[PDB]
Amino acid sequence: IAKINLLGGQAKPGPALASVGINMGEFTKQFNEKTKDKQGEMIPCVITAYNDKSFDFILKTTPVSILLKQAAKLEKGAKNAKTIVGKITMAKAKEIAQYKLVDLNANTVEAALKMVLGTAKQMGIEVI
Amino acid sequence: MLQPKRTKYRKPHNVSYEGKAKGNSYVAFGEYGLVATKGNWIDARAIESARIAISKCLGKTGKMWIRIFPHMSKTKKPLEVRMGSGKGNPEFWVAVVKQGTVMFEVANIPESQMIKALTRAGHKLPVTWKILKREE
Amino acid sequence: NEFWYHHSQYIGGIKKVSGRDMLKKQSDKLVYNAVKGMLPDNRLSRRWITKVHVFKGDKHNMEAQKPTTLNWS
Amino acid sequence: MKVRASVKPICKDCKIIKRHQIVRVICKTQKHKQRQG
Amino acid sequence: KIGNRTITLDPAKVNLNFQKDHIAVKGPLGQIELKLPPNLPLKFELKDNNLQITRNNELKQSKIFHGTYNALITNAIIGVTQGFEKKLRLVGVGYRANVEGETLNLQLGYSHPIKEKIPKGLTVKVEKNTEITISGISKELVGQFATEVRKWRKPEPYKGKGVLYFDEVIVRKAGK
Amino acid sequence: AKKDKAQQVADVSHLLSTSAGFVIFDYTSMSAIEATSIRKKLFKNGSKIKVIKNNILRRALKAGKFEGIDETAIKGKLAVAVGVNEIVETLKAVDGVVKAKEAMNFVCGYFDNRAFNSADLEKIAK
RNA sequence: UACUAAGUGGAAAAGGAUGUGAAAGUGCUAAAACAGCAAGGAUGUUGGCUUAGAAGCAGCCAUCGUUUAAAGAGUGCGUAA
RNA sequence: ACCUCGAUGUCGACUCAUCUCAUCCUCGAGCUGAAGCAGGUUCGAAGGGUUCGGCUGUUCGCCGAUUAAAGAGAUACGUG
């Protein structure tokens with residue numbers, strides 16, 4: 001099923017949202033309401049289809065390697081491991097891991113931290 | 001091309017070659033080497049063609065060393081010329097390659113790519129490629 | 001492999017016949033020429049070759065001549 | 001169709017066969033179908 | 001190697017007799033003939049509701065015939081007990097297929113449609129004007145029909161205009 | 001391998017004998033998201049999930065002093081989620097992945113070393 | 001005695017092709033292994049150079065970790081993604 | 001510097017054309033970066049056909065004018 005990444009407000013990216021079978025505004029308001037606590041931070045949720053689409057969806061935690069910058073205390077973007085994206089702190093790394101834990105396949109904090117370290121390597125830093 | 005600064009003689013004959021092991025037995029400085037299965041009077045045009053083919057298929061990450069040189073001089077004879085009047089025009093420089101000479105050595109690229117480069121050079125050559133390893 | 005190729009003094013109709021095409025029109029000249037290929041050019045060459053009566057059937061017109069019924073001659 | 005002296009895999013799926021004593025490379029895509037290998 | 005594979009034998013009417021140069025497979029749908037070469041590259045036996053014909057010799061073509069003939073035994077048994085089925089995709093805006101009696105008519109890029117007869121045993125049906133479904137007995141005859149249809153005009157490689165096998169592909173490039 | 005066969009048979013026999021309270025639940029088409037879900041719930045438990053060789057598993061359970069030589073044998077792609085450590089949370093995860101499965105069946109196993117089929121295992125495994 | 005499916009012998013060469021018989025080591029394996037066959041082919045996967053729609057492959061990069069026997073920013077095919 | 005000078009008549013043309021097909025066409029399809037109406041390549045194909053004139057004298061070489069086609073060469077660089 002279609003995989004999308006929305007922001008706290010606008011749901012412009014991709015017509016994949018329109019493929020779930022509902023009017024855009026009627027579900028955009030629901031997404032804004034359920035993602036209100038996460039406003040301003042992009043969240044890559046997963047869509048699930050329904051006939052009327054009253055409520056069928058799953059909140060997938062904000063994506064690491066763009067969430068990594070939050071722990072690294074900046075917002076610099078990168079595509080290569082060669083360039084270094086600041087420095088990541090341990091406390092917010094653990095916060096990211098346990099917050100990404102539900103997003104991860106595992107339910108252990110150590111595996112969450114390991115996955116975060118693996119995916120954060122894209123921007124140029126591992127969890128430390 | 002491989003132009004010598006001078007030569008021991010202006011027009012050395014098409015001298016006969018004897019010997020199955022003389023000159024560049026193995027690759028002195030490379031890892032793999034091309035051996036020609038035709039011991040004869042060879043020219044530097046095909047040598048440079050093989051070298052440029054090897055560089056083309058290797059780029060520049062692999063290193064190439066030549067180890068022989070067209071010392072003597074050999075002639076090719078055009079038309080409408082009666083035989084005689086001395087030796088013909090020395091059309092090209094020539095190396096009298098006996099069997100068992102390493103002229104081309106390639107290195108610094110994977111072994112399969114080196115073998116492919118030697119095959120390429122052999123296809124740009126009248127001779128058949130042979131793969132040789134280092135013995136130092 | 002073995003087609004049959006012929007060119008007489010005539011030109012423009014060089015005869016090339018496949019094995020299956022030979023069975024459609026003529027078969028006596030096949031063995032006729034095969035046997036005459038082992039006959040030197042002499043007075044009785046084309047007279048020797050007529051003794052090789054080539055037939056496509058088990059019978060022959062010379063049964064009144066007391067033929068010797070045998071095989072592989 | 002074509003004429004060469006050696007046949008090698010050209011496309012992603014270019015199978016090498018021996019058709020009428022002639023070694024050929026034929027691809028599922030009709031483009032890469034040579035002869036005389 | 002398919003050469004040894006437990007092909008099931010159907011007791012309704014399917015029975016297999018292996019001659020020194022041929023195999024006959026009889027069943028509800030006529031009978032299928034596997035024309036063996038003069039030599040025997042397989043050992044031919046039929047167990048109770050089973051068949052595993054091994055190779056009695058190993059050679060260049062001996063094993064190849066062994067595999068191909070085990071595969072054809074499988075195909076023959078299943079197509080004589082139930083029959084096979086090929087599909088032709090006559091794809092095009094103005095390309096239309098239809099069946100009258102046992103004759104298939106096709107409307108290709110020509111304004112004058114073409115018609116062709118189908119060998120008996122192979123029955124042809126049209127569910128959509130762009131679809132032809134030929135359910136027969138042996139795959140050899142249905143494939144013969146298919147190849148005698150295709151080789152005249154193949155489909156366009158840009159957008160499908162012709163007869164597709166459904167086991168053949170085309171490549172798109174420049175040009176609209 | 002043959003040595004691999006023997007070693008795996010031995011180890012699985014020991015694990016099914018000591019921990020006779022197990023569940024060798026099998027899903028043909030064992031999936032990745034389903035393994036994800038079951039091990040998410042399973043974590044905090046010693047159990048794992050795997051797709052194992054049917055021959056080694058069947059011979060081991062034959063030698064594991066447990067009922068079954070064909071009940072732990074050929075059925076499509078044989079997956080296993082053995083019940084190890086506490087089989088309570090393990091069976092909670094097995095039930096969760098059965099719910100995540102289109103059609104998952106109780107292949108074999110006992111809860112707390114007591115006979116428990118689909119009608120009785122899931123009564124306590126819920 | 002083979003070898004052939006070319007009539008090679010009775011045309012080859014630069015070179016190519018699982019050509020074959022034979023030779024030579026090879027793990028699985030008769031608890032059915034490998035490739036068709038049941039297959040998962042996921043997660044961070046929307047990660048970025050970034051585009052209402054390149055975000056998982058017009059193209060590129062870190063292509064690594066996590067569930068695990070196993071899943072590659074996907075090998076590829078393919079969606080405007 | 002050879003079979004050929006005690007000779008072996010050749011340039012070109014007209015006519016006769018034939019042949020091998022490394023094809024121009026026809027016939028046939030593939031491949032097609034072939035959008036179709038037409039087809040670029042490739043081979044099979046000798047089976048047939050495969051321009052007239054003014055001008056260097058002449059087919060040919062310039063120019064004008066033709067069809068689907070106005071062939072890659074030999075026949076003592078065909079012919080006497």
Q. Does residue A:116 satisfy the condition of being under 27 Å from residue F:40 (Cα atoms), within 17 Å of the chain's Cα centre (by Cα), outside the structural domain of residue A:18 (by CATH) and part of a loop (DSSP other than H, G, I, E, B)?
A. no
Taking the range D:2-16 and keeping only residues that are under 18 Å from residue E:157 (Cβ atoms) and within 14 Å of chain E (Cβ to nearest Cβ), one is left with D:10, D:11, D:12, D:13, D:14
Here the residues within the range A:98-109 that are within 14 Å of chain F (Cβ to nearest Cβ), within 16 Å of the chain's Cα centre (by Cα) and assigned to a helix (DSSP H, G or I) are A:98, A:100
Taking residue E:93 as the residue in question, decide whether it is in contact with a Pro (Cβ under 8 Å, 6 or more places away or on another chain), outside any strand (DSSP E or B) and farther than 17 Å from residue E:4 by Cβ.
no
Residues in the range C:1-47 that are in contact (Cβ under 8 Å) with a residue 12 or more places away in the chain and part of a loop (DSSP other than H, G, I, E, B) total 4
Screening A:112, A:93 for residues that are small (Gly, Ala, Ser), under 30 Å from residue F:48 (Cα atoms), surrounded by 16 or more Cβ atoms within 10 Å (Cβ to Cβ) and more than 14 Å from chain F (Cβ to nearest Cβ) leaves only A:93
Going through the range E:150-168 in order, the residues found to be within 16 Å of RNA strand G (Cβ to nearest atom) and under 19 Å from the mean Cα position of the chain (by Cα) are E:164, E:166, E:167, E:168
Filtering the range E:110-163 down to residues that are within 16 Å of RNA strand H (Cβ to nearest atom), assigned to a strand (DSSP E or B) and loosely packed, with under 14 Cβ neighbours inside 10 Å yields E:114, E:116
Over the range D:17-32, the set of residues in contact with a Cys (Cβ under 6 Å, 6 or more places away or on another chain) and either within 12 Å of another protein chain (Cβ to nearest Cβ) or near RNA strand H (Cβ under 8 Å from one of its atoms) (or both) is D:27, D:29, D:32
Pairs returned, first residue in the range C:48-73 that is outside any helix (DSSP H, G or I), second residue that is charged (D, E, K, R), beta-carbon separation under 9 angstrom, 6 or more apart or interchain, are C:52/C:36; C:53/C:28; C:54/C:28; C:54/C:29; C:55/C:28; C:56/C:28
For the range F:32-87 the number of residues that are in a loop (DSSP other than H, G, I, E, B), within 14 Å of chain A (Cβ to nearest Cβ), without any contact (Cβ under 8 Å) to a residue 24 or more places away in the chain and not hydrophobic (A, V, I, L, M, F, W, C) is 0
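One line per residue, one yes/no per condition, for (1) away from RNA strand G (no atom under 16 Å from the Cβ); (2) farther than 17 Å from residue B:46 by Cα; (3) away from every other protein chain (no Cβ under 14 Å); (4) among the small types (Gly, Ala, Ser):
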position	(1), (2), (3), (4)
B:64	yes, no, yes, no
B:74	yes, no, yes, no
B:81	yes, yes, yes, no
B:85	yes, yes, yes, yes
B:89	yes, yes, yes, no
B:100	yes, yes, yes, yes
B:104	no, no, yes, no
B:107	yes, yes, yes, yes
B:112	no, yes, yes, yes
Exercise. Tell me, please, whether a residue that is among the β-branched types (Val, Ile, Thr) and within 16 Å of RNA strand H (Cβ to nearest atom) can be found in the range C:24-31.
Key: no
Given the conditions (1) surrounded by fewer than 16 Cβ atoms within 10 Å (Cβ to Cβ); (2) free of Cβ contacts under 8 Å to residues at least 40 places away in the same chain; (3) more than 14 Å from every other protein chain (Cβ to nearest Cβ), every one holds for residue F:105 apart from (2)
Within the range E:57-90, the count of residues that are surrounded by 15 or more Cβ atoms within 10 Å (Cβ to Cβ) and in a helix (DSSP H, G or I) comes to 18
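Numbers and lists here come from the model and the stated rules, or from a named source; no laboratory read-out is quoted. Here Cβ is always computed from backbone atoms with ideal geometry, including for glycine, and neighbour counts include all displayed protein chains.
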